[PDB]
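Overview (structure and organization)
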Amino acid sequence: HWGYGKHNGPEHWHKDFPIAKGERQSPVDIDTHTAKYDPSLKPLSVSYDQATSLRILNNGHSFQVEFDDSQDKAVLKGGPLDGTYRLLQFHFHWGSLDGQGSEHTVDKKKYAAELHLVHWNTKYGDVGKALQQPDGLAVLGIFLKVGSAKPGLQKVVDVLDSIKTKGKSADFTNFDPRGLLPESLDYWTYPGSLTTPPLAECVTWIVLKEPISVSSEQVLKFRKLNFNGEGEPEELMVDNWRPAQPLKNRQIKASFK
Ligand SMILES: NS(=O)(=O)c1c(F)c(F)c(S(=O)(=O)CCO)c(NC2CCCCCCC2)c1F
Ligand SMILES: [Zn+2]
């Protein structure tokens, strides 16, 4: 099955998931000088005041923090979006080394990691239907650089040993994802895809300009995760990122001058 190894990684995915070679794949390099400022782009609206986090799960690829998305509790609107997008889960991508790990790149710069908050469009009723639509999902992407700790990230870091292996989960209530967000909501946006199988071309990407800083100790905890389940040799969950894909016939827009 697919993964992030040389034997199962991104260069192989197209065999099971042929849209891997499609017209609107993600991630992409963001050329900041080419991206056009779009004065018609609205402030984004991140309303996470009622988020009910519920559970954290090591899914074997990343780990994911889950929210009750059975009502409008944690929603993304505005920006490039039409309508209301409910927060489903977050997860991260990161490297073995601080010089890699992000999926998007900015002028070819890789960040140490990238946080993705996955939301689905309420006019489609559930995430599986949303996956079938060009405007089904909105993923908010945030770069991580290594420097000072992110205090809001600390609750998340302190449970990973409890979900060390694939398929392990833990309760994870009362987490405020607001603590993962930079001062600024200035962003780039473009139409793209999931960055893991099934690679569905259903995502409006919103990538924030401002990274967050996390400490070396925080990102070291991510790198002690395992892709394996317990009993199988230990395989450090690192380098779980898809590289940049062809931009093709797309324009990346900036919300900021
Ligand atoms: N980067 S991304 O936002 O396109 C992405 C992932 F990289 C990712 F790892 C996941 S995951 O944590 O759930 C592991 C997926 O194998 C999702 N999650 C969504 C996409 C997967 C299809 C199911 C629809 C909702 C979850 C996912 F959306
Ligand atoms: Zn992701």
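The deposited coordinates, according to the entry record, derive from X-ray crystallography at 1.150 Å resolution.

1. Observations concerning the pairing of strand β13 (residues 203–208)
Most of β13 is tucked away, with six of its six residues classed as buried. Strand direction decides the pairing type here: strand β10 (residues 137–146) and β13, joined by five bridges, are parallel. Opposite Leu-137, over in β13, you have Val-203 as the bridge partner. The pairing of strand β12 (residues 187–192) with β13 spans six bridges and is classified as antiparallel. Bridge pairing in β13 links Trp-188 to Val-207.

2. Digging into the pattern of salt bridges
Taken as a whole and judged by the stated rule, the model has ten salt bridges. For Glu-66, the salt bridge identified is with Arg-55, shortest N-O distance 2.9 Å. With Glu-66 in strand β5 (residues 63–67) and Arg-55 in strand β4 (residues 53–58), the pair connects residues that are eleven residues apart, well separated along the chain. A salt bridge links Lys-164 to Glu-234, with the shortest nitrogen-to-oxygen separation between them at 3.5 Å.

3. Describing the site of ligand 1
In the vicinity of ligand 1, 17 residues are found, and the nearest of them are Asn-59, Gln-89, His-93, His-116 and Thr-195. Contact distances for ligand 1 include 2.9 Å between an oxygen atom and a side-chain N or O atom of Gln-89. In the environment of ligand 1, a nitrogen atom lies 3.3 Å from a nitrogen or oxygen atom belonging to the side chain of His-91. In isolation ligand 1 exposes 560 Å². Once the protein is present, 85% of that is buried. If you list the elements that add at least two residues to the shell around ligand 1, you get β7 (85–94) and β9 (113–121). Per-element tally for the shell around ligand 1: the top contributor is β7, with four residues. A breakdown of the residues in the shell around ligand 1 according to their chemical character gives seven nonpolar, nine polar and one charged.

4. Comments concerning the coordination of the zinc ion (ligand 2)
At the metal site, the zinc ion (ligand 2) is ligated by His-91 (NE2), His-93 (NE2) and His-116 (ND1), and these contacts range over 2.0 Å. The site at the zinc ion (ligand 2) holds four donor atoms, and with the angles between them running 100 to 120°, its shape is tetrahedral. Sequence positions of the donors to the zinc ion (ligand 2) reduce to the motif H-x1-H-x22-H. Among the residues examined, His-91 registers a relative accessible area of 14% and is labelled buried. Look at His-93 and you get buried, because its relative accessible area is 2%.

5. So, the side chain of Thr-189
Take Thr-189: it is sitting in strand β12. Taking relative accessible area as the criterion, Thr-189 reaches 6% and is therefore assigned buried. Polar side-chain contacts of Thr-189 include one of 2.8 Å to the backbone oxygen of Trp-205. Excluding anything up to four places from it in sequence, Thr-189 contacts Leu-41, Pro-80, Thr-204, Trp-205, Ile-206, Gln-251, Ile-252 and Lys-253.

6. Let's talk about the packing of aromatic side chains
Here the structure, examined in full by the defined rule, presents 15 aromatic pairs. When the ring of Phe-63 is compared with that of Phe-222, the centres are 5.4 Å apart and the planes differ by 70°; the resulting orientation is edge-to-face. Placement of the pair is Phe-63 in strand β5 and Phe-222 in helix α3 (residues 216–222), with a sequence separation of 159 residues. Exposure class is identical for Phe-63 and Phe-222. Each is buried. Looking at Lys-209, its charged tip hangs above the ring of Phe-256, at a distance of 3.0 Å from the centre.

7. A closer look at the UniProt feature "binding site: Zn(2+)" in the chain
Here, UniProt's "binding site: Zn(2+)" annotation points to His-91, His-93 and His-116. Spanning 26 residues, the named residues form one tight spatial group whose C-alpha atoms are at most 8.2 Å apart. By secondary structure assignment, the location of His-91 is in strand β7. Those residues in contact with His-91, other than ones at most four positions away along the chain, are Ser-62, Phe-63, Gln-64, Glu-114, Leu-115, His-116 and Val-118. Polar side-chain contacts of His-91 include one of 3.2 Å to the side chain of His-93. Here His-116 lies in strand β9.

What counts and how
- Residues numbered from 1 in each chain as written, not as in the entry; some residues may be left out.
- Chains lettered and ligands numbered in written order.
- Heavy atoms only, no water.
- Buried < 20%, exposed > 50% of the residue type's maximum accessible area, 1.4 Å probe, protein only.
- Helix = DSSP H or I, 4+ residues; strand = E, 2+ residues; numbered from the N terminus.
- Pairing = 2+ DSSP bridges.
- Salt bridge = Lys/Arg side-chain N within 4 Å of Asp/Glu carboxyl O.
- Near = heavy atom within 4 Å.
- Polar contact = N/O pair within 3.5 Å; in protein donor to acceptor, adjacent residues only side chain to side chain.
- Areas by Shrake-Rupley, 256 points an atom, 1.4 Å probe, with all protein chains shown as cover.
- Nonpolar A, V, L, I, M, F, W, Y, C, P; charged D, E, K, R; others polar.
- Donors = N, O, S within 2.8 Å, 3.2 Å for Na, K, Ca; no water.
- Tetrahedral: all angles 85-135°; square planar, octahedral: opposite > 155°, others 65-115°.
- Contact = heavy atoms within 4.5 Å.
- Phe/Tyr/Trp six-rings, centres within 6.5 Å; stacked < 30°, edge-to-face > 60°.
- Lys NZ or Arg CZ within 6 Å of the ring centre and 35° of its normal.
- UniProt positions renumbered as here; feature names shortened; annotations may be inferred.

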